[PDB]
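*Asks:* As you go down the protein sequences, you meet chains Q, q, Z, z, H and G in turn.
Straight run, no breaks: the first sequence in the entry's author numbering ends on number 539.
Straight run, no breaks: the second sequence in the entry's author numbering ends on number 50.
Straight run, no breaks: the third sequence in the entry's author numbering ends on number 526.
Straight run, no breaks: the fourth sequence in the entry's author numbering ends on number 211.
Straight run, no breaks: the fifth sequence in the entry's author numbering ends on number 106.
Straight run, no breaks: the sixth sequence in the entry's author numbering ends on number 528.
A single structure is presented below for examination.
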Amino acid sequence: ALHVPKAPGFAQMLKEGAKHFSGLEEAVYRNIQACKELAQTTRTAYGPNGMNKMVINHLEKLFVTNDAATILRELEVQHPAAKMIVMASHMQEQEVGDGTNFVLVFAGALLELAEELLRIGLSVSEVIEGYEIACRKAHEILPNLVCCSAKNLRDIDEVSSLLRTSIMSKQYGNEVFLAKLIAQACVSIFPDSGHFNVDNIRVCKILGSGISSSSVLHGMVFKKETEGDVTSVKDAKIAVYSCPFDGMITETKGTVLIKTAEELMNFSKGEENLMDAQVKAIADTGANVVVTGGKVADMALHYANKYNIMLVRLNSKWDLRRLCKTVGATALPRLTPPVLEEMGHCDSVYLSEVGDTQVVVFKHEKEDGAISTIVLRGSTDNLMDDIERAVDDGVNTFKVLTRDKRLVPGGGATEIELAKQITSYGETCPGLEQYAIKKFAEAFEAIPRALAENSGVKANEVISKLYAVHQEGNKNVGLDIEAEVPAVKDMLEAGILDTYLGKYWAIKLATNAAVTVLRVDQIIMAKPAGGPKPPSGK
Amino acid sequence: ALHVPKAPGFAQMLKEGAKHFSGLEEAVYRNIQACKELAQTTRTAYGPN
Amino acid sequence: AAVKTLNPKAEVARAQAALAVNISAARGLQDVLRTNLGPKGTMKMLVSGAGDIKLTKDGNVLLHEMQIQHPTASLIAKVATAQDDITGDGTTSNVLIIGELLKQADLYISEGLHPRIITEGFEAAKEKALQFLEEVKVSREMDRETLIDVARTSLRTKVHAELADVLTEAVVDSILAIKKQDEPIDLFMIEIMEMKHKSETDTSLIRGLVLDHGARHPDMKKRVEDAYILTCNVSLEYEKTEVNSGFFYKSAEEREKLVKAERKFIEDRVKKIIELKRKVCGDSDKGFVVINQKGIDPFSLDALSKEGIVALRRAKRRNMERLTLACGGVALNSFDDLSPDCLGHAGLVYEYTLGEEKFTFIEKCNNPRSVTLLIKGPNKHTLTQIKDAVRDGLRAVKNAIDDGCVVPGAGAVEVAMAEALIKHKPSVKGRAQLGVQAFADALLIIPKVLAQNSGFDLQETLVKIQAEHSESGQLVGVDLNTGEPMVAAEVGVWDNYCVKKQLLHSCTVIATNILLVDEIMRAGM
Amino acid sequence: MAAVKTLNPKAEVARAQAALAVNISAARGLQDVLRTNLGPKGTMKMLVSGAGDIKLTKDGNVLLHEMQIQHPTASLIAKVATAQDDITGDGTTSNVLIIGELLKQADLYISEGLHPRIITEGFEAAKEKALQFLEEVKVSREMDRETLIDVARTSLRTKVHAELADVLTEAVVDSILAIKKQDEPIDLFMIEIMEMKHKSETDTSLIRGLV
Amino acid sequence: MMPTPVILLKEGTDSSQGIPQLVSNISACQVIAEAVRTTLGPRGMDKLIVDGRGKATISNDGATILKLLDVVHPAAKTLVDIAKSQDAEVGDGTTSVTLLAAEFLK
Amino acid sequence: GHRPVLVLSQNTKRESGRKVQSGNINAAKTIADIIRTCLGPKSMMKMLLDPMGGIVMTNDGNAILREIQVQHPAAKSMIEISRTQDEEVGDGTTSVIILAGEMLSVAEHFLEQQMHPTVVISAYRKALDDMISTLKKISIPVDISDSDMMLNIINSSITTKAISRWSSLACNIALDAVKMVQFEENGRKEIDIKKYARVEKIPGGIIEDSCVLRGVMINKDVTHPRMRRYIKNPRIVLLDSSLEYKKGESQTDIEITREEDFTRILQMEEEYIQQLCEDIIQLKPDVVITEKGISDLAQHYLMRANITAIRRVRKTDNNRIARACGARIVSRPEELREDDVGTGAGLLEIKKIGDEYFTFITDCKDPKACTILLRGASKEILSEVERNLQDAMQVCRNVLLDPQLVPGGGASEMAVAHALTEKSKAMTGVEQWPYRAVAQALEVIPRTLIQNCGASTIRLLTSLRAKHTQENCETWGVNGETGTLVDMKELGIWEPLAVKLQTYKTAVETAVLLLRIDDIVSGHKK
Ligand SMILES: Nc1ncnc2c1ncn2[C@@H]1O[C@H](COP(=O)(O)OP(=O)(O)O)[C@@H](O)[C@H]1O
Ligand SMILES: Nc1ncnc2c1ncn2[C@@H]1O[C@H](COP(=O)(O)OP(=O)(O)O)[C@@H](O)[C@H]1O
Ligand SMILES: Nc1ncnc2c1ncn2[C@@H]1O[C@H](COP(=O)(O)OP(=O)(O)O)[C@@H](O)[C@H]1O
Ligand SMILES: [Mg+2]
Ligand SMILES: [Mg+2]
Ligand SMILES: [Mg+2]
Ligand SMILES: [Mg+2]
Ligand SMILES: [Mg+2]
């Protein structure tokens, strides 16, 4: 009478390190608690008044940011329900590019209210059905909340104003300057054709002069140095080669078979003459800049120097392809001189010294081109990484605007209006799903509550004022962060707007993740292994 | 498929060092064998020789 | 023990110990897998040693992914694996019936009965049950509605209601597309392709192929409207000689000449392809797509792209047959004698890029005998679950088409089988009637588990259903929404006849063999 | 894995169906061990202590003490049997068998989703009816020597060898009749039980006095 | 806090939050500034740093001294980073940047 | 220091005397007792855990004995004799073990009673000779032309296994396979079922669907999907050489100086493959089957002539196909002849079972090889069914070679025991006692049958022994299902004479081998 034996059956057959969780208390409530913990960890970095977090990953690489997706990525999340919510957040990041913190907060609020509903007596299936019904109702209501549209994407000022809200959440202090930079970069890209490519925006990080010294360049910047003596041109005629700048050799096997003294004496001279003839043939087309993706031969370098030809060596094939796109050339597979159509042109190519690093600049003058780059200055690598994340968010926002041009009020106005409308709908629905619909509506309160908490004011007063004003009939009234007391203001006038696609996809993904977590009833975790990761993940 | 668990019931409730021999072959034959062994050890001292 | 005497470090369970161990293992497996049965079942969540998340409801997947190291569990897992391999459904029912047969047999064995009599009763009951199942099957012309009903009765048990509704149309349309009259259905001609960028309800059927690789040359067109498909298996990259050639030259000019002359073999085949393309379509309106099972080096890619040809390399081996059946060309292993008549046709070819991966769509085929299913979802576990569900649905529809008959589901068939077995029991001589009764009680497990999963109780629901069946004679099942007796024939709750027959045969065989095991040894060390 | 384990990590807990499974398995194990004891055709058991002392017995209570068992439900059943032996002195094996069969029959319905409370209520009603039936079925007789001899036989034959039981029947009946006073409780302390180790087992007898 | 049989983050993860961690960051920045405090001005002094291999480095340059220090505090490394940035962009003032930043924080 | 000095090395033990004999006999008795309960039509099955994680649920004695590990060398000898019995005749493995254990058990008495083992061995050998004479006397002839008799014999052989439920189908399959395999060439008769009678297990389906094919089935598919998967009357051509271009044995290197030599070499490789394909096509076959790889270009040239190609079959599978369809495996296609072309296969179908493709060359006319397609619940069930089928085919081959039969169910054992006792009544020397002991030890088979049936051993065995003392009762045995004495002329349980002869010889000789042994020495390094 001193030991409790394992129950016969599945309990005894379980492996040594395995764990089995069944029922509500052991599985569902624990998963809800884990999701709440993850949401609590990421909550404090929501909104313009969110605070950055220093995160040290397993490799002692330091990340300081308020981007929810990056924070979740660099966190060693082990609870698998939190893993599902993290996958939902990452899917939101991949699909849209912003709203990951919204996804996480909404999932956490939904799961807590689901836990309350389960405690009061509702079954899991009823809660899931009510959540799905309320999500459908919210998706139906959302198009009616659109306050304004982009209506123009070729303007610099208007695109800057549109992206200002997106890039104000991160880098709150100075978002107007970054708005101008990203707007110029995105307007140079996005030609008459409607398709816009995010990859076409390049970011170069150079330390030294603070982020206020950043600028946009209609071209490409490479952190390297020219191979030859020539360091600057004015009417570049770039000829891009995907082959090494050397005489090509047989792919089978090369063997110089010498049988006479004359051949031995003449071989090197013939090879040098062939190299000289090839280089002169390349130069005779008018090409004064040559870019190669392979190794540069010494004789080839000498003959390029002799004819005043700039040599640039790009190791990465992605860089070579991007240069071909931004200049208008095609990477020739052999060392033949380029014909007129395949010879790229740039308005200026030169070697420059920015801060400390040596850079090679392929610079256009006309305000267009296939690829435009943004040079980021700063005093810290981490600061430039954060600015780069903000630039990525702005570019993704511009891409979404190209996809769909509709906008909804930000600062919790959309969330509060959605909560009010969903509550009104659920009050008219008989049956047990009304509790789930009301809880889904109340989950929208977590966004204005988080904003008020981060801004340093009392959330209850803000939410009460928001309900009062929305009941009055003002659907575009949200939190005012520029106040020491709970206050609200019209956000259409303030210009604080959110993408319709962002809200739509965030709500859909958060609801899907919450429902999927709720569906789980049993957990069978295998014994953790110390294996060197799956081969696919590398 | 690499270990035979103890049968539920008395086999599992048996103490750590205890032993349980039951049935004809496991108990009666073993007892007879032990008694035969003892008689074999003592046999060669029987009689005047 | 004798074995322990011979081998001291050997584990032995003998006589009633072996039966107790086997029955305990079967009961544990059954208890775990009870909650799987029926659409009202509970999703199980499986985390591997590497942290991979597996959301599933299948009996076979659960059996494979439980951390179990028991011999009887291994035997039952092998039985369920065979069940899944041949029919693709009924694994959970397999485990439940095996466990309940063992439990009912033990109910009599514990009272001094010998297992041999129970096995004889099991054999007689199985024979009578197979006869009754043959009597009760519904031979029907498998139109689209019946196939939709069967696919629904599988997918709803596997996945969510709306997802099941979408997958029903997808699976039924795919099967009807690939199916040829009076010809066995080849399930290899249905690609199951995964994409991870949309919602789960965006899964659809493409009347063509989706390839996980796109064009490797940036200058190739990303969208071709009217395309001619050349499915080939010819290497278009440089190949070295088998006999260790090597080159010998005496100057740089000879080296250049040999470099130019070592590409001629591949250049000849590239020229053949280009000449065929030029001859077939003299304008720019029509397109030309080359799908190659082997590699294509950058030189050939540039040569082809300079002629407006889209070339795909390193295609899958089965994609040759898939493209031959769908597009309608001839898979070529050499360009010795290639003619316009061996070219396939596709009404639309375009490339879709998703993150770092690229996809190629080949749609608008004339009469595609091979199609693809595009699984779309936001998570990896969602994709895996949908793939398992569509596999189950495809197997169910194929079985329904093959065996022209179909069996009412919702628990009616086994209720009727148990009642018939009880009626037939007096005809069995000896004490095998106990085995017959045990077999009938074991067959009655499915309505019980369905009632529990629906939230009802066994006794009341079961007696209601049995009374309704006895009074009316119809095949009445379990209504998972109300619990009242319900005739599955009208509502369209159907089960595969082959699945039921395989269940009976395999469960009876394995239960009989396990009951007759009286001694377990581990003495090979 | 449960609420208790969170507060006390080194805690062993069995909950819900696990509790019933554990208790019923222990009861069935005890019943399986003690089945062979019942009746005069029962089988003798060899019990060897740690010191090597040999005890041959078929008594249910004596066996229960000497089983190398460390189970809680087994402890409860052993306590019940010990109380039985202390008060009445017979029926311990019957206790173990009946408890095991009661638990097994109850589980036969509990595994079908039936709540144990209904089974317990049925048990109470059946116990009341069975007690009434036992009251009506008993045979009230004048306890002469023949009836006492029959009872002593029905016990000793199920306890020892038939001939030894036959001798012990007269021994015990004569002792009880000798010390018994009319219409007074019987004091069993007034029957000395002395062991001597120098004769055959059938040489045991009763002495009208003290040793 | 409770054991929570299944934990969210990997075991061994250390988290510091609130005002105390900010005060600790300020203190670490003060410590970093103190290490180069006396190398400023015509009356400055040199610092000798010995690496693991035994080779010594004597320097008055603030950026060099900070680089030779194996700073692992996440907040303190920002001072080293800005000193290196000042060295890269300008080349002089690497001692003044750290003093100014730490004094702001203090 | 001063390490000990001694004659033999360390870890070298040695025991001698009555202890060694008693230990050997006890080890043999333990081996017998392990499988004592697996004999007869009412035998229980055993589950054995393979160290490699497998499970062997089987009733056969030989598999059980070979799946366990023992340390005592006498147990090793017993396992070896079990394997020998299994290999020589096919069945009787769990009977010879019991017989040897009983013979050693009854010899232990005389060993303990001051009798030298050599006298016991001489008596054992005389008893074995008289057993052989008695079995040859009480046998009955069988005509192999009667299919019903052969089916009855195979049934009596398989009534003790788990396949007795489908006994009829199993007997038909075994008889058909043995008849198909039977071959004669150059006057040398041959029944080689270990090579040309292949058992293929495909889990799933039902056991009732298992059958023996008039051909060969392999787990192979066409190299290219354009090839036909259904040919009515194919002309088979078999190869065991690659249809690719490969390097020679001698070290050879080319030296290219002219520009056009590289392309010329590649073109000649292609032309060599084309020449090989044309040499194959000149015979106009329908399918080509090779044990080595087939190049894709060779596949193209084969499809140009409308020929189905199977890429890589095993040596044994190719031999089976050659025996079935009448082909002849060749290596160089240049030397192909019309005689090598395999005509006789009535259908080649490549269908899908489950999720795998299988090639059928069934419907052959006069095929000398066959495959037994087994379908069942799972892998272990099919393995046990295959073991039972092996036992049935071995019994059928033994009956075909040796057409005499002896009564089963212990009737032969009791008849031989009675004859041995009657002959021992005439001897006067000291050897008579071990002789009679062996005679009565031969009665263990009916005793084990009665014990397994659940009936009472004493009175049933006494009544059977009394019955066998009459003039004509040599065919009186026991029922393994009802526990009653019946005449085997009515029950119909008969066993091949060869099986019983091998069983008695092996048991007696194992007893002789273990009786001769004393002074066990162990521990020495090789
Ligand atoms: N100036 C502002 N005033 C009030 N609310 C704002 C302002 N700028 C942004 N927001 C709110 O902050 C939210 C953005 O939070 P953010 O940190 O970007 O999380 P995520 O990156 O997940 O969207 C938006 O919902 C928006 O309503
Ligand atoms: N809509 C329904 N109503 C009632 N019963 C159903 C319904 N759908 C399925 N069933 C029954 O529930 C069972 C589902 O079993 P399932 O979970 O598919 O096990 P398996 O996957 O092993 O076949 C089927 O036997 C079927 O008879
Ligand atoms: N129906 C039957 N009734 C009685 N005895 C039988 C019957 N069938 C087989 N036997 C006996 O059982 C023996 C076969 O048992 P088996 O398990 O095959 O042992 P083995 O593997 O050593 O042949 C035969 O000697 C035969 O005499
Ligand atoms: Mg944002
Ligand atoms: Mg199913
Ligand atoms: Mg008593
Ligand atoms: Mg200075
Ligand atoms: Mg046999």
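Just so you know, even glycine gets a beta-carbon here, dropped at the ideal spot from N, CA and C.
Please classify G/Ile-81 as buried or exposed, where buried requires at least 16 neighbouring CB atoms within 10 angstroms.
*Replies:* Result: buried.
*Asks:* Going along the chain, which residues of its own chain have a beta-carbon closer than 6 Å to the beta-carbon of G/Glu-476, five neighbours each way excluded?
*Replies:* So the qualifying residues of the chain are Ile-140 and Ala-417.
*Asks:* What does DSSP give as the partner residues of Z/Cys-233 in its beta bridges?
*Replies:* DSSP output for Z/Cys-233 lists Z/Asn-293 and Z/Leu-333 as bridge partner(s).
*Asks:* When you get a sec, list the residues whose CB is within less than 5 Å of any heavy atom of ligand 4, chain order please.
*Replies:* In chain order, the qualifying residues are Q/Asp-99 and Q/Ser-170.
*Asks:* Is it buried or exposed for Z/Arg-392, if we count other Cβ within 10 angstroms and need 16 for buried?
*Replies:* Z/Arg-392 comes out buried.
*Asks:* Taking the alpha helix (DSSP H) that H/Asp-81 belongs to, which residues open and close that run?
*Replies:* Its alpha helix (DSSP H) spans residues 77 to 89.
*Asks:* Beta-carbon of G/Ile-57 versus every beta-carbon of chain q: anything under 7 Å?
*Replies:* For G/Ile-57, the answer is yes, since a Cβ of chain q falls inside 7 Å of its Cβ.
*Asks:* Based on the DSSP output, what are the partners of G/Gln-406 in its beta bridges?
*Replies:* For G/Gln-406, which the question treats as bridged, DSSP gives the partners G/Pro-143.
*Asks:* Give me the subset of the stretch 263 to 278 of chain G whose CB atoms are less than 7 Å from a CB atom of chain Z, sorted by chain position.
*Replies:* Hits within the stretch, in order: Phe-264, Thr-265, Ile-267, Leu-268 and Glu-271.
*Asks:* Under 7 Å, CB to any heavy atom of ligand 5. Which residues pass, going along the chain?
*Replies:* That query returns the following residues: Z/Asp-90, Z/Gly-91, Z/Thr-93, Z/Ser-155, Z/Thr-158, Z/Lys-159 and Z/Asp-393.
*Asks:* Which partner residues does G/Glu-351 have in the DSSP bridge list?
*Replies:* Its beta-bridge partners are G/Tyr-232 and G/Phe-362.
*Asks:* Could you check what DSSP says for Z/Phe-457 in three-state terms: helix, strand or coil?
*Replies:* In the structure shown, Z/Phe-457 sits in coil (DSSP, three-state: anything other than H, G, I, E or B).
*Asks:* Give me the Cα-Cα distance between Q/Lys-439 and Q/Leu-143, rounded to the nearest whole angstrom.
*Replies:* When rounded, the distance between both Cα atoms is 17 Å.
*Asks:* Given Z/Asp-442, which residues of its chain have a CB within under 6 Å of its CB, disregarding the five upstream and five downstream residues?
*Replies:* Taken in chain order, the residues that qualify are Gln-105.
*Asks:* Taking only three categories from DSSP, how would you classify H/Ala-28?
*Replies:* In the structure shown, H/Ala-28 sits in a helix (DSSP, three-state: H, G or I).
*Asks:* For the beta strand (DSSP E) holding Z/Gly-345, just list the boundary residues, first then last.
*Replies:* It spans 345 to 347 - the beta strand (DSSP E) in which Z/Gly-345 sits, taken as one unbroken run.
*Asks:* To the nearest angstrom, how far is the alpha carbon of G/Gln-277 from that of Q/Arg-323?
*Replies:* Between G/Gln-277 and Q/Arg-323, the C-alpha separation is close to 50 Å.
*Asks:* Do Z/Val-408 and Z/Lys-501 have their C-beta atoms closer together than 7 Å?
*Replies:* Result yes, Cβ atoms of Z/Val-408 and Z/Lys-501 sit closer than 7 Å.
*Asks:* q/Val-5 touches chain G at which residues, Cβ-Cβ below 8 Å?
*Replies:* Per Cβ cutoff of 8 Å: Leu-51.
*Asks:* Return the residues of the stretch 87 to 117 of chain z that lie within a Cβ-Cβ distance of less than 7 Å from chain Z, sorted by chain order.
*Replies:* Listed by position along the chain: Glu-112 and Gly-113.
*Asks:* DSSP state of Q/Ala-453, grouped into three classes?
*Replies:* Here Q/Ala-453 sits in helix by DSSP.
*Asks:* Report whether the distance from the Cβ of H/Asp-92 to the nearest heavy atom of ligand 7 is below 6 Å.
*Replies:* For ligand 7, at least one heavy atom lies less than 6 Å from the Cβ of H/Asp-92.
*Asks:* Any heavy atom of ligand 8 within a distance shorter than 6 Å of the CB on G/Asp-88?
*Replies:* Because no heavy atom of ligand 8 lies under 6 Å away, the Cβ of G/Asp-88 does not count as near it: no.
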